[PDB]
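Q: before I ask anything, here's the sequence and the deposited coordinates:
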Amino acid sequence: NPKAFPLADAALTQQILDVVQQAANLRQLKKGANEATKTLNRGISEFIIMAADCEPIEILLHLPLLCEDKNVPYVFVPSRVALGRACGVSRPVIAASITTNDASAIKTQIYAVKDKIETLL
Amino acid sequence: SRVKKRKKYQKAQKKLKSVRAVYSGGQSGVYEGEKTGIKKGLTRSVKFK
Amino acid sequence: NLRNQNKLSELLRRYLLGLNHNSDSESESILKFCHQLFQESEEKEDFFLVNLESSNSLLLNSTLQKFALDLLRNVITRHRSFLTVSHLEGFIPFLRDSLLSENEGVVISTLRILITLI
Amino acid sequence: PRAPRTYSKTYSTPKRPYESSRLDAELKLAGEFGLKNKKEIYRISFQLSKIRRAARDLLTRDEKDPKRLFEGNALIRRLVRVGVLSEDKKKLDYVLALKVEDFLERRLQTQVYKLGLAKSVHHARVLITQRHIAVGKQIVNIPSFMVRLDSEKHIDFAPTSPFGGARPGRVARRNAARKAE
Amino acid sequence: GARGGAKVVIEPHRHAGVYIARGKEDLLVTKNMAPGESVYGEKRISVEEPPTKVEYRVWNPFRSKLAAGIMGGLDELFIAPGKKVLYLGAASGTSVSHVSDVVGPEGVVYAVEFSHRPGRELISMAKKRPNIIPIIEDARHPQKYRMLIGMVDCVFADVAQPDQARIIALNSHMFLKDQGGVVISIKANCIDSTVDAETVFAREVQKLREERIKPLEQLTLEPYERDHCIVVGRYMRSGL
Amino acid sequence: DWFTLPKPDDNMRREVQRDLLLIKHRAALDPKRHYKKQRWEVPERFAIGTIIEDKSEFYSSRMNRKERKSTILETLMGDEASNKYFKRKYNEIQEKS
Amino acid sequence: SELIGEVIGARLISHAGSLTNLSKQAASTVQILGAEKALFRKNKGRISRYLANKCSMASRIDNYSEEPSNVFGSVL
Amino acid sequence: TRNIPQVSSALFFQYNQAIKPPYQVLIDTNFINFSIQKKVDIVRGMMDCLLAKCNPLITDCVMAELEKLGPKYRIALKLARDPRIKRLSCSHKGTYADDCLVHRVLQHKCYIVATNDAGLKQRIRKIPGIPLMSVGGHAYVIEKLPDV
Amino acid sequence: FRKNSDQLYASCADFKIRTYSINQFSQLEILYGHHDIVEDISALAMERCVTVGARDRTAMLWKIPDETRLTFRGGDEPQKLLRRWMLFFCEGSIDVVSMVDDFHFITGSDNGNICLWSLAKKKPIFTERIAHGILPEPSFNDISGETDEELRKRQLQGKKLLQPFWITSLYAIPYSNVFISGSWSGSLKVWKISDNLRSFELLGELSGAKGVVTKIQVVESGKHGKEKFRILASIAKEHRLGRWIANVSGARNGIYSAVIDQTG
Ligand SMILES: [Mg+2]
Ligand SMILES: [Zn+2]
C-alpha cells in the first residue's frame, strides 16, 4: 500500500548491506539513482537497492517501473545514511545496483540475498 | 606448456564462434541492425519428430 | 500390530489396578491428572537427495482416552466423595466427545461412567 | 637403519587418456584456470575421486551409525572449511554432487584473479610465483595453494612487494638512475 | 549503421505480417498500427505509398524475446495476421505492440499482466491500439478473467515464473482452440538455477507433454540472450 | 489489403534498379565488413523507405540533412573513406588485368 | 512547470512522448532531449547540465504523485 | 525452407559441458535383463559406476516394450515400476524404442543412454556428446563420460 | 597510547593494526586478522589492546607478547529478542570501544547498542539497547509531494522507517566503574557499572553538548579524597569519518566542557 514497498526487515537489511559493501570493494557496485537507471537499460543489473526515507520518495519510483518491466528483483532499505555507509562513499546513497559478473568472487552471496528478495516480493 | 595451452584455448574459442554463435556481452550502443545479414529461407530449428 | 496392542492393553490394565491401591487415588490431584490425559488426548531437492530404499497417532489418542476414562470411573466409584457434580462438571465435555469416538471400547467405558453418574 | 619415511603419489593417470571428450575437457579447464600441464587436472581428479568414494561408502552405511555420523561430519566440516561445499548443502549427497571446477576455483591463482589484484589468471600465476601475494602475514609463492573461507578476505600484496609499498624493483631504480645520469 | 537519414528497401518476411529492411545492416521491421509514434523509442521507417505515408517500426531482438526467435530461424510461428492471440506476461507494450502489428486490425491480442505499475503503461499503449485488450490480472487464476477472453488460436507466454508450466496449462485448457498454437519462452535461471540450462528445458518439455501439448520446436535465443529458448508446440485436446 | 507492399513499376527508374544492385553486392562495399553468403534476387514486391530516428537519438544515430540524399548510392559517394578504398582497389585489379 | 516554465515544460513532455517516458529516462538523455530547441539553454554548459538533472528531478515527482504539489519544485 | 539444426549450446566441441552430477539416465529394455542377469541393482549399480546420484528414466515406448514380453519377464517389469524410476511421456505414434531414444538424445544433451544393444549403441556414438552406459562383466561401464 | 609508556597502536583502513615506538621513531609490527576497517582501538597499562571491525561486527583483543588474539561476536537477533519479550534494530556495525579493565571492555554499535564484555565470555555479558533513543521521524510535509496529508502520512509507514542513534563516542575512565557515551542526540550520557561487573545503569545525563560527539576525554584534579572531574568532548557538525549524517539543528563546532564534583 505505501509507495515504498516491499521494505526489508531489520535482519534482511543487514544481509543486504553486507553484500553491497563487498560489491563496492570488488568494483561491482553502481551508486546513485541515474547510474542504476543506466544499468537497467543495459540489462547488467543483478538487483537494485533503494532507501525508503528518500527525500522525497517519488524520486526513486521510476526504478521499480523499469524493474518489473525487466524482471529485476528490488527491495527497499529503511535508512539512506546507512546505505551510504555500506557503499563506501562519504555521502548518502538513495539507490544502488549490483552489476552482473559471472566470474565475481562474491557470486554465492549475491544469489543468497537475491533469492530472499524474490521471496519478499 | 602453460603458454602453449593458453594459445591453444584462445584459438579454440574463436573456432567455437564459427561452429555456433556464442553470447558476447549482449547489446553495446544503439541497435545498428544485424551486421552480417538476415537469411530468409534458413532455419536452425531442431524439430520434434 | 494387533497382538502387541493386546499386550499393551493388559499392561495398562495392570497399571490401573495398581492405581486403585495407590494413595494418590484418594487425593484430588488424580482428577486433575485424569483431566490432563483427556486434554492431551484431544522436486529439485529430491533431484539431489539420494534414496536407497524401495498413522498410529489416532491409536495413541484412543489408548490415552481409554486409560483416562477407565481411571476416572475407578476413582469415583471407590471413593464416594469425588462422585459429585462440582468435581465431575469439567469432565462432561470430554464424555460427550468420547461418546462419538470411533473406538467401541472407549465408548463402552464412556457408558460405564455415565451409568455411574446417572 | 633409520625408520622409513612414508610417501604417496598425489595423482593417477586416467583410464583412457586419449578420449576426445576428455582432451577437450582438459583443454577447457586449463584455459579457464591457467594450468601448466595435465598433471594438475589429474591431481584434482584423484583427490575428488577419493572424496567421492569415501562419501559413497559412508552413504551406503545405515543412518545414525557411529562411523557414518563421525566420518561424514568430519568430511562435511573439511569441505565446508575449504569452501568447496557451502553452508546450506551440509549433506553427503551434495558431496557426491561436487565437481572439479569447484576445487579449481579455490586455487590461490583463481582467487587472486577474481579479487582484482591481477588482470588475468596467467598474470595471477606470475604474481604468485614472483612473491607478491600474501595471505594475511605470510607470503605464498604456490599457485596450487588452497584458500580457506577466512583466508579469502586477507589476500593482498605482500609488504615487501614493490606493489605493496616497498621500494621499486631493480628495473625501476635502474631506469631512474640512468635517467638521472 | 542504420543512421537516421539513410534509406532501406522493405520486403515481405517468410512469416506473414513481418518485414525486413535491407541495407548496409538489415533490420527486422513490422508495419505500424498507429503511425507517427513509437512506444519504447524504437526507430521507425517511413514509406510513401500511393500519397499516403505508411510507417514501420523496428523490432529489436535484444529487447523482445519473440523477435530473437525469428532471428534464430523459427520454422513455424502461429502468430499470423487475422489471428487471435493471448499474450501472457505482457510487462508492457515493448513486445505486445509488435505482436499487435502482426495480427493486424482483424486479429486481436489479449494482454495479461499482474503488476500494477507496468499495467498502466499497457493501458495507455492499448488505447492507441484498438486490437489490444489489456487484462491486468494474475495469470495463475484464469477463471478470474474468463469472460474477457474468447477462443485464442495461439497462446504466447513469457512469464518469468518457476512454475510457469501450470499457468500455461490452465490457460490453454480453457481458451486455446483445438490444434491451437503454443509458443513459450523459458529462462532456466528462474526455474532452477542449481541445474544446468539444458536439463531445465528437458523438464519443461516433459511438463508440456504431460499437459497434452505436443512440442513442435525448441530454439535457443543466443546470441541475443543467455540461458533462453523458445518452445513451439501444438495442443492436442483429445490426447497427446 | 493492409499487408500488401506496392509493386515496382515496369520500366523502373535507373536509381531503384541500382539500389538493388548495391544490396546484391553489398559484401564488396567495405573491406572490413563481411556478410553471410546469400543468393539475393529482386523481390517481387518491395518499397524504398526512409529511417526516422528517436529525438533522443540526435547525436548518436542521425545523419545531418546535407548528407541526406535521395538515393543510397550517392550517400556512399559522400563517404570519402569508402571512395578512397574503391579508387585504390580498382587500381590493382586493372594492373593485374 | 514552476522549475522551467509551462511552455518549455510542455515541449519537453512532447519530446519525450509522455510524462511517464520523461521520468523513466536518465539524466544525461533528458539534457539531449531538449538539445534541439535549446530548451535548457564552458560555464554555460554546466548550468544546462545542472538544470537538466533538476528537470529530470521534477518530472519523476509529478508523474508518480496522484496530486503533485509545487512545494518541491519551488525549492528545486 | 531448408534446415540445418543448430549445434547445442551445451557442447564445447566434443565435450558436453552440461551433463554434470546428478545424472539423468535413459533405461533401454535390454538393460534391465542384463542388470538382473548379473545381479546388479539399477540404482546402486549406476550410483557405484559414476559415484553420483543417478536418476533413471523410462519412456512410454520402453515401458510399453516390457508389457508385450509376457509372464517370463515379470521381474523386469516390477523393477521398472520402482517408484524411484521417473516416467517420460511420448509424442510419437510408433512404439519403437530405438527411434524414441535416438530422437530424445539428438535433441536434449542431458541423458546417459543405458543400453547393451550393438545396433543402438553404434547410432548413439555417432551423436556427439552423448555418454553411453552399458552393463558388462560384473558392473556397469560408462564410455563417453570425461568426469570419471 | 599504551598507558605510561611510549608504544603507540595505530589502526588503519587497510584492515591492519600497526605498532610504533615513538621514542625510537620506528615501526615494530604489523598486525593482521580484521576482515574490515579497524575503526577504533584502545589500550591500557598492559599490552592488551582491543579493536573493532566496523561492519565485520567483531571486537578483537590482541595479546602482543603472546601473539594471539581473542574474537568476540555479539550474536543478537531481533527475532529471538522479541519472542522472549512475548522496536529492536539488528546490529549493523561496531564503531567505538574503550577498555574499562584489562579484563573488561565495552563497545558501541550503530544500532545504539552499548554492550559490556568479559575476556572469559565470547558473547556479551550485558547489553543496553537503544541507549541514545530513536532518531526523529522524517517530516510528513517533506516525505512526498502529494498534496493530501493522509497520503504523505502513509509514506512514513508508521514507525518502520524510524532508526536509532549511533554511538559516535564511548570512553571509560581507566580502572573505574563509570564510562561516558556520546552521540548527536544532543546530550552526553554517563553510565555506572555495577560493583559486581555484570551490569551497568544510567547514572545521569548532560545536555550541554549539541552536535556530533566525535571523541570524549576525562581529566581530574585535586586531592585523592576529593576530586573534580572535567569531561572534554569534541563537538562537530559532521561525523568524523564522513558527511553522511544530515545537518543537526543547532549543531556547532566546538569543544564541550563539563566539570563535575564528588560529594557524599
Ligand atoms: Mg622480494
Ligand atoms: Zn517414445
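A: That came in fine, so what should we check first? Numbering: from 1, shown residues only, chains lettered A, B, ... in the order given. Ligands and ions are numbered 1, 2, ... in the order given.
Q: isn't residue A:30 right next to residue A:99, touching?
A: Yes - Residue A:30 is in contact with residue A:99 according to C-beta atoms under 8 Å; the separation is 6.0 Å. Where C-beta positions appear, they are placed from N, C-alpha and C, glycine not excepted.
Q: give me the common contacts of those two.
A: Counting by C-beta atoms under 8 Å, 6 or more residues apart in numbering or on different chains, the contacts common to residue A:30 and residue A:99 are A:39, A:45.
Q: who has more neighbours out of the two?
A: In this view residue A:30 and residue A:99 are compared by other C-beta atoms under 10 Å in any protein chain shown, and residue A:30 has more residues nearby, 22 against 17.
Q: would you map the helices across chain H?
A: Counting by DSSP state H, chain H has helices at residues H:29-37, H:42-50, H:60-67, H:74-80, H:97-107, H:118-126.
Q: and the ones you listed: which comes nearest chain G?
A: Nearest to chain G, of all the helices of chain H, is helix H:97-107, at 41.0 Å by C-beta to the nearest C-beta.
Q: need the contact partners of the closest one.
A: Helix H:97-107 is contacted from outside by B:46, B:48-49, E:218, H:26, H:28-29, H:59, H:61-62, H:65, H:88, H:90, H:92, H:94, H:111, H:113, H:115, H:117, H:119-120, H:123-124, H:127, H:130, using C-beta under 8 Å, 6+ apart.
Q: output the longest strand belonging to chain A.
A: Assignment by DSSP state E gives strand A:45-51 as the longest strand of chain A.
Q: name the residues of chain A found near chain G, please.
A: Counting by C-beta under 8 Å from any C-beta of the partner chain, chain A comes close to chain G at A:3, A:34, A:37, A:38, A:41, A:56, A:58, A:59, A:61, A:62, A:65, A:66.
Q: let's see 6 Å
A: A:34, A:37, A:38, A:58, A:59, A:61, A:62 (C-beta under 6 Å from any C-beta of the partner chain).
Q: dump those into JSON lines; add neighbour count as well.
A: Below are the residues of chain A next to chain G laid out as JSON lines (neighbours: other C-beta atoms under 10 Å in any protein chain shown):
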{"residue": "A:34", "neighbour count": "16"}
{"residue": "A:37", "neighbour count": "26"}
{"residue": "A:38", "neighbour count": "18"}
{"residue": "A:58", "neighbour count": "23"}
{"residue": "A:59", "neighbour count": "21"}
{"residue": "A:61", "neighbour count": "21"}
{"residue": "A:62", "neighbour count": "26"}
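Q: now, these that are in helices?
A: Members of the residues of chain A next to chain G lying in helices (criterion: DSSP H): A:34, A:37, A:38, A:62.
Q: so the last one touches residue G:24, yeah?
A: Yes - at 5.2 Å, residue A:62 and residue G:24 qualify as touching, with contact defined as C-beta atoms under 6 Å.
Q: ok, which stretches of chain G are helices?
A: For chain G, applying DSSP H gives helices covering G:6-16, G:19-24, G:27-33, G:43-63, G:71-75.
Q: now chain D
A: Ranges of helices within chain D are D:20-33, D:38-60, D:66-82, D:92-96, D:100-105, D:108-115, D:121-129, D:149-152, D:170-180, based on DSSP H.
Q: what's next to the fifth one, contact-wise?
A: Residues external to helix D:100-105 that are found in contact with it (C-beta atoms under 6 Å, 6 or more residues apart in numbering or on different chains): D:33, D:44, D:48, D:84.
Q: and those residues as CSV, adding distance to chain I and neighbour count?
A: Listed next are the contacts of helix D:100-105 as CSV, based on distance: C-beta to the nearest C-beta, whole Å; neighbours: other C-beta atoms under 10 Å in any protein chain shown:
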residue, distance to chain I, neighbour count
D:33, 26, 22
D:44, 28, 21
D:48, 30, 18
D:84, 21, 20
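Q: pick the one among those closest to residue C:99.
A: Taking C-beta to C-beta as the measure, residue C:99 lies nearest residue D:84 of the contacts of helix D:100-105, at 62.5 Å.
Q: so how far is ligand 2 from the closest one?
A: Between residue D:84 and ligand 2 the distance is 39 Å, computed by C-beta to the ion, to the nearest Å.
Q: how near is that residue to chain E?
A: Between residue D:84 and chain E the distance is 16 Å, computed by C-beta to the nearest C-beta, to the nearest Å.
Q: next one: the nearest residue to that residue once chain neighbours are set aside from chain A, what distance?
A: Among residues not flanking residue D:84 along the chain, residue D:102 sits closest, at 4.5 Å (C-beta to C-beta, 6 or more residues apart in numbering or on different chains). Using C-beta to the nearest C-beta, we find residue D:102 at a distance of 11 Å from chain A.
Q: tell me, how many residues neighbour residue D:102?
A: When neighbours are defined as other C-beta under 10 Å, residue D:102 has 17 of them.
Q: kindly report the same for residue D:116.
A: Residue D:116: 13 neighbours (other C-beta under 10 Å).
Q: nearest to chain G: which residue in chain B?
A: Closest point on chain B to chain G, by C-beta to the nearest C-beta, is residue B:30, at 12.0 Å.
Q: let me know the helix or strand that that residue is in.
A: Here residue B:30, judged by DSSP states H and E, is contained in no helix and no strand.
Q: quick one on the thing from earlier: pick the most buried one from the helices of chain D.
A: Across the helices of chain D, the average number of neighbours (mean count of other C-beta atoms under 10 Å in any protein chain shown) peaks for helix D:108-115, which reaches a mean of 23.
Q: which one is the residue in the stretch 151-264 of chain I that chain D sits nearest to nearest to, not counting chain neighbours?
A: Across the stretch 151-264 of chain I, the shortest distance to chain D (C-beta to the nearest C-beta) belongs to residue I:241, at 20.7 Å. In this structure, residue I:241 finds its nearest non-sequential neighbour in residue I:39, 7.5 Å apart by C-beta to C-beta, 6+ apart.
Q: next up, the contacts around that neighbour.
A: Taking C-beta under 6 Å, 6+ apart as the contact definition, residue I:39 lies against I:52, I:54, I:95.
Q: pick the one among these closest to residue D:26.
A: Using C-beta to C-beta, residue I:54 comes nearest to residue D:26 of the contacts of residue I:39, at 44.5 Å.
Q: would you map the strands across chain F?
A: F:47-52.
Q: so which elements touch the helix or strand containing residue E:207?
A: Residue E:207 belongs to helix E:197-210 when assigned by DSSP H and E. Helices and strands touching helix E:197-210, by 3 or more C-beta pairs under 6 Å, 6 or more residues apart in numbering or on different chains; DSSP states H and E, are helix E:188-191.
Q: measure residue E:40 to residue G:15 for me?
A: According to C-beta to C-beta, to the nearest Å, residue E:40 stands 15 Å off from residue G:15.
Q: and residue 72, how many neighbours?
A: Unless you meant another one, I'm taking chain A. Residue A:72 is flanked by 20 other residues according to other C-beta under 10 Å.
Q: oops, wrong one, chain E.
A: Neighbours of residue E:72 (other C-beta under 10 Å): 22.
Q: residues in contact with it?
A: Residue E:72 makes contacts with B:44, E:219, as judged by C-beta under 6 Å, 6+ apart.
Q: need phi/psi at residue E:132.
A: The phi/psi pair for residue E:132 (degrees, to the nearest 10) reads phi -110, psi 130.
Q: chain neighbours aside, what residue packs nearest to it?
A: residue E:126 (4.2 Å).
Q: if we can go back for a sec, nearest to residue B:25, of the helices of chain H?
A: helix H:97-107 (28.6 Å).
Q: ok so, going back, from the residues of chain A next to chain G, which two are the most distant?
A: Going by C-beta to C-beta, the pair spanning these furthest: A:38 and A:58, at 19.9 Å.
Q: right, and residue E:214 touches residue E:234 too?
A: Yes - judged on C-beta under 6 Å, residue E:214 makes contact with residue E:234 at a distance of 5.1 Å.
Q: give me the buried positions along stretch B:31-49.
A: Buried residues in stretch B:31-49, defined by neighbour count with 16 or more other C-beta atoms under 10 Å in any protein chain shown: B:31, B:33-34, B:37-40, B:43-48.
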